[PDB]
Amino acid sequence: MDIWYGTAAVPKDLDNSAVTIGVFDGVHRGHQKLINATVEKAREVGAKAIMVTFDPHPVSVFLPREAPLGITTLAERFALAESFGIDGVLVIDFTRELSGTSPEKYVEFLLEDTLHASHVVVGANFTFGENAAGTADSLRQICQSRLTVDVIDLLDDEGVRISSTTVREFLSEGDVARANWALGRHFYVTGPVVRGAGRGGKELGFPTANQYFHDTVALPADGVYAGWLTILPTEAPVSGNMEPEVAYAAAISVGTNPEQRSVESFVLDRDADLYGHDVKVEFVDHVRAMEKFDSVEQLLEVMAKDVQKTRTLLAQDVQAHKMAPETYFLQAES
């Protein structure tokens, strides 16, 4: 998949394309509707399926620092767009271009001159142009004759509107199961593993892996979650008995340094230290709220209940296999 930053980087000789346009944060199930319709129409005409997306977040342009939390990083947005069949992602920066343009000159510049679009697919909530004048309906009439528009209704399921906003609320409440349901997959973060408290190995109280994330990253509420940890493909040696590319059962502690968040993973039944490696942490279910501990004994007792509840939740998760990992490790008991 190609990745272009700004209109000027798009090949001048780009033949023909089917385009979808949005922030696409999270690439949730509604987003997948727009991508599917787009990939299908491109197949039909032998054209390229292009996503136009935005970075930085269009909101942060007017209100810097008060940007919505990133459900996925931009990098993951690329990876997800590829996995669903996008051939090219065009990334628009609204402080460089297309912000002051009228609806008319927007379509003309982006869809025709730049992308040579024959089809375009947007959500019902899509807007464009100076002071957001352009709507999904404007796009229908401006493009009548010139190119075909397909406007997909926002996704409603189980009485919930599925949008970036709802996914963020579910994460913020600690309800990763409902977030996952909206995403169509386990919510996850990826990141390098650093040193933390003691060393990962024989001692149960020491995390197998510690990670930090900036406060722009959306993360579930401080608490303990059941999930899966996967060391990403690597040739670097691994301390202990975990293998790369296998999703390992783990009780995951999300915390806050007293707004930079931490994620500490206790991998079930393994003795390993993942310092240096790149590690994906997928969330499945909430286990408990954060607690303060006043004795080593109390701490470990609770730690063991976390493991117990995690083993239960993960054993269920494996049964919903459209969400579960391909290769996993989960022991039936300790």
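Numbering starts at 1 and runs along the sequence shown.
Coordinates are given for every deposited residue between residue 159 and residue 160; the gap count there is zero.
On average the C-alpha atoms of 159-167 have higher B-factors than those of the other stretch, with 159-167 and 247-255 being the two compared.
Between 170-178 and 106-114, it is 106-114 that carries the larger average Cα temperature factor according to the deposited entry.
Which of 80, 204, 221, 236 has the largest Cα B-factor in the deposited entry comes down to 204. For the set 226, 229, 89, 149, the PDB entry assigns the largest Cα B-factor to 149. Residue 65: CA B factor lies in the highest third for its chain, per the PDB record. Sorting the modelled residues of the chain by their CA temperature factor places residue 330 in the lowest third. Per the deposited record, the Cα B-factor of residue 93 falls in the middle third when ranked against the other modelled residues of its chain. In the PDB entry, residue 55 places in the middle third of its chain by CA B-factor. Among the modelled residues of the chain, residue 295 sits in the highest third by CA temperature factor in this PDB entry.
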